[PDB]
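Topology and contacts: notes
Each chain, written out:
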Amino acid sequence: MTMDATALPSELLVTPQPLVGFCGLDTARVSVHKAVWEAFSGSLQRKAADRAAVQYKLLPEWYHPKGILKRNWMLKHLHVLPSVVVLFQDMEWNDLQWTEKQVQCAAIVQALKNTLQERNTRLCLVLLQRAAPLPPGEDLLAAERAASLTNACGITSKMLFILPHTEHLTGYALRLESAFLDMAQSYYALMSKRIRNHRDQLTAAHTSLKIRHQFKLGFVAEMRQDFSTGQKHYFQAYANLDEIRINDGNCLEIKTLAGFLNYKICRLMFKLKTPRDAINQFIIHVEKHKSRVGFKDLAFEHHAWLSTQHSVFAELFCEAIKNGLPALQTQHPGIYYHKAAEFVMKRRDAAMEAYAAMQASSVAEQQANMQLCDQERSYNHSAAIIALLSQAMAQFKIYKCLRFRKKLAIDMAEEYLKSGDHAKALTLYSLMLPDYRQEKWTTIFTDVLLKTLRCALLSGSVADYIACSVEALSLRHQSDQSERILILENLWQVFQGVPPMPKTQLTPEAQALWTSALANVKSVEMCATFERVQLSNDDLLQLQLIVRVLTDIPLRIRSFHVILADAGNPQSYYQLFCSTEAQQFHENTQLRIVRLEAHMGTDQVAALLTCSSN
């Protein structure tokens, strides 16, 4: 009435299936019963369609509805009440043991039916036989047994069954499956009759009860593989939810109900091979819900639910893929993963100012908001962003949308930086530079480059630091000149061991990081100019390579080395006296330079723009 219709998150996320249960038993009877139990699980072994959909639980102002009034009654409707109960003993004709088992089985099934009457589950009686098969029509004592047991508890003869050995037990377990299915379905149809005869009446326009009735009958139809009546009922329940215009800040219960039935309807669509329907539903719903909230909006609201909603819908997509629905994938494989990811980022941000407002001051219900603040503080982990982008990246790779994998990987790296775990971030950036450099998009390339330098300096990975710095040098004309100069001087500093000057930009811990390093770390665009390739019998070659500098700020002129190329035999412009080659070797000789060995100001470039052949 005033309480919530249903409060179960992730209700029956698993495929709803028929559920038959029966009384708990000791280890030795179940030890004889083993072969029967793995005969049951052979359906799990066999293909799912060959598997009977049933499952095994193995237990030990109008007036409100029965069994429907509560969400806990509802959860009971899930599993707590199997639609079939079967009492297990062995059927064994005997002399005195026969009578003893008669008396005891009669009494126990008597209590069992005393339990089962109100819950209306019918109690079918199936008994094991290890003895030789009985020819029907031969034993009149079997007839007396049937009479006595049937009159013991009112369970009819047809309900009674016999459990033979495996070669027959297989087919008879299967026909048992069929009978259990039939009587469960009869139960479910009856229970739906209950629902409908309740539905005819109304509690003077509450319609929450109506939603409960549709949702219960959704259980029923989903359960019975109808897949249709339930989804119609879900549609109608959601509609009547809508006609309930929001009274007040209690939009959250509405949104939760919406998400529940929304999952239900979408997945039921996916069961029915109606992807377009599902897509339109989920969009319609999510922007409806975006428009839903106006206030409070404690920034818990609209963020967590929306992210979870996208999450669930991508999960439904994956369910569809498991089914085999590629119509939705060929358009876009991992649609809502990274929308959910951006929503959880927004959620962390919202948490930031939620904190901030909590520092403002903190007479009714306010303590609840306080525990809310604390609980979302628990949520400040935001590794969920990482997981969501992980799934998004995988799914994007599934259909070759590499642009977005790169974008979401940079998002991963930047949140790693917010995570502080700059190491993984620099690993990502290290992988991500080459693709952009090939891509030539000169805007983005420097934009990621400055961040990559930031990661290198914080990490103290001086090798990557210098490499990305020198590639920035090669074409740094987009940025300001003095910054180029500072980069270069920091580079020389670190080649000869001096820490970089942005000391306030650095922290003592990172100081330790890169003071520690360089123990293993060892060893502007210009051109190689060879005057004479394909050497003849006698010649000489001097400094003809021309070291053009694209950077404005000059490279300091101290030294340089060129390593004599092994091709064949092992051996503002600045033109100088270096002039290595002055000797004679064998003819038909060519040359090719690995790296600059740039000892002008720096020791060496460590980045391969020392072209071999232009």
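Residues numbered from 1 in each chain as written, not as in the entry; some residues may be left out. Heavy atoms only, no water.

What the deposited record gives as its method is cryo-EM, and the resolution it gives is 5.5 Å.

Regarding the domain arrangement of the protein chain
Domain boundaries in the protein chain define domain 1 (19-199), domain 2 (432-522) and domain 3 (523-614). Here the C-alpha centroids of domain 1 and domain 3 sit 90 Å apart. (Domains from an automatic or database assignment.)

Brief notes about the packing of aromatic side chains
Applying the stated criterion to the full structure yields 18 aromatic pairs. Pairing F282 with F313 gives two aromatic rings, centres 4.0 Å apart and planes at 15 degrees, and the pair type is stacked. Here the residue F282 occupies a position in helix α10 (residues 275-292), and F313 occupies one in helix α11 (residues 304-323), the gap between them amounting to 31 residues. Accessibility assignment for this pair places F282 and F313 in one class, buried. Joined through ring pairs, the aromatic side chains of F22, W37, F40, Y56 and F88 make up one cluster. In this arrangement the basic side chain of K339 is found over the ring face of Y336, its NZ or CZ atom lying 5.6 Å from the centre. For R556, the ring lying beneath its charged end belongs to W492, and the centroid distance is 4.6 Å. (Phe/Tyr/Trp six-rings, centres within 6.5 Å; stacked < 30°, edge-to-face > 60°. Helix = DSSP H or I, 4+ residues; strand = E, 2+ residues; numbered from the N terminus. Buried < 20%, exposed > 50% of the residue type's maximum accessible area, 1.4 Å probe, protein only. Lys NZ or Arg CZ within 6 Å of the ring centre and 35° of its normal.)

A closer look at the sheet that holds strand β2 (residues 55-56)
Backbone hydrogen bonds hold the strands of a sheet together, and the pairing may be parallel or antiparallel. Judged by pairing direction, the sheet is parallel, and its five strands sit side by side in the order β2-β1-β3-β4-β5 without closing on themselves. Here the strands that pair on one side only, and so sit at the sheet edges, are β2 and β5 (161-163). Its contacts with the sheet put helix α6 (residues 166-199) on β1 (19-21), β2, β3 (84-87), β4 (122-128) and β5, and the angle it makes with β4 is roughly 170 degrees. (Pairing = 2+ DSSP bridges. Contact = heavy atoms within 4.5 Å. Axes fitted to C-alpha atoms, helices over the stretch in contact; angles between N-to-C directions.)

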